[PDB]
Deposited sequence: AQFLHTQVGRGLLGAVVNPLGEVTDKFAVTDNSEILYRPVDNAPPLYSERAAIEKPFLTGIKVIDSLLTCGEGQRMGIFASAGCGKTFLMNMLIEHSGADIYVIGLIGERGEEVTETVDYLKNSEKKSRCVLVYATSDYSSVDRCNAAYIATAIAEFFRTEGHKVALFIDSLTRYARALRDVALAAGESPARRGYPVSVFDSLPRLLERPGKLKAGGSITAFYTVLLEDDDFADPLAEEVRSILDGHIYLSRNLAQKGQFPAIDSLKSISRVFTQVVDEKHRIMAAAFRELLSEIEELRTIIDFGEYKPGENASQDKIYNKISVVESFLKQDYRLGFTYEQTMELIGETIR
């Protein structure tokens, strides 16, 4: 019903009962406070409009799927789609004050893998990790999401720019339906309307992961402010991150980017639309060089478009670098 919060949790690993189990970093701050994990969502008059961009340092996201402060974004992918490597990039190359990661998923090895990454991360002093393995009860794995959110809500009340990660929403939904069987559902919507930007405080930008083998994918997609879709076909071809921008959306995109950005994003998106039609024409074996000047122009733009989309997971790009690169690729 109550969990521990405060800056003293920075660098700590929290289990489904709210106790510090391990540490990936130590800070000089010792503050520990207690707040309930089932907090009422902010009123509509309590929330501020989503207007400032949450820069991620990932070229395809910042340019075509720009996130906003307080936005809730979905990450849709199958297993082995590099969903974990994408969240490592989001934590590494964004600029949030505090990162709150909630793992309600897998086995001890995947949790330890996240801690091992955090032990060598540049943001370890700003990170909190709440975990729930397969060995815990369904009630405990549900509570790991509420503990992670309540921890993020305290930092937001202090005025921090908080990034919340929940991996995964479906293994929360699995634990959710198991809990419902004991009683004989609706904690999903109230859980993911808790993030946002407060007029009187900071903001929580939340990234929720759902796994594709789906009905649950259809429910969450209309609740969130957008979704990022990791095609493992794109991963099979060697493009990382495997984000397919043509099937992804940020519903606050035009609210948080300016007119010049919007125009370049539209020109790039149609360039990619013409690119994938050429891939179909090529796969059909009906592309002959020199026979169509428009197709030849599109063909010679494949390499520069492919290199703008691809990004080494250890490199981050500023907004001006991203806009500079997408400027060159559309000319």
query = Where are the gaps relative to the deposited sequence?
reply = 1 to 3, 188 to 199, 229 to 233
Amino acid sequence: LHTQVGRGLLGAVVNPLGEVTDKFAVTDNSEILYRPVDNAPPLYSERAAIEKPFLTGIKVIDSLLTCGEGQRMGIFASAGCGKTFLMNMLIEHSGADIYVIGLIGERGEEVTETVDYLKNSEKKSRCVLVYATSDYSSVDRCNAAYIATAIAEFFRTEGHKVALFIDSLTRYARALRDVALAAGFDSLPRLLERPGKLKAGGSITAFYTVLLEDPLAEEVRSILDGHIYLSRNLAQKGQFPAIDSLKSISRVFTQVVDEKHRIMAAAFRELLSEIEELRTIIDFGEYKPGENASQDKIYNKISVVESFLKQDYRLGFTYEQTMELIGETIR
From here on, numbers count along this sequence of modelled residues.
ask   = Got a sec? Mean C-alpha B-factor, which is higher, 36 to 44 or 272 to 280?
value = 36 to 44
request  = Using the B-factors recorded in the PDB entry, average over the C-alpha atoms of 17 to 25 and of 319 to 327, then report which stretch comes out higher.
outcome  = 17 to 25
query = Which has the highest CA B-factor per the PDB entry: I91, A200, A182, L118?
reply = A182
From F240, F207, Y131, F155, residue of greatest CA B-factor = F240
query = For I228, does the deposited CA B-factor place it in the lowest, middle or highest third of the chain?
reply = middle
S30 CA temperature factor, ranked by third within the chain = highest
message = Could you place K247 in the lowest, middle or highest third of its chain by Cα temperature factor, using the values in the record?
response = middle
request  = Within this chain's modelled residues, let me know which third the CA B factor of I101 belongs to: lowest, middle or highest.
outcome  = lowest
request  = Pull the Cα B-factor of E306 out of the PDB entry and bin it into the chain's lowest, middle or highest third.
outcome  = middle
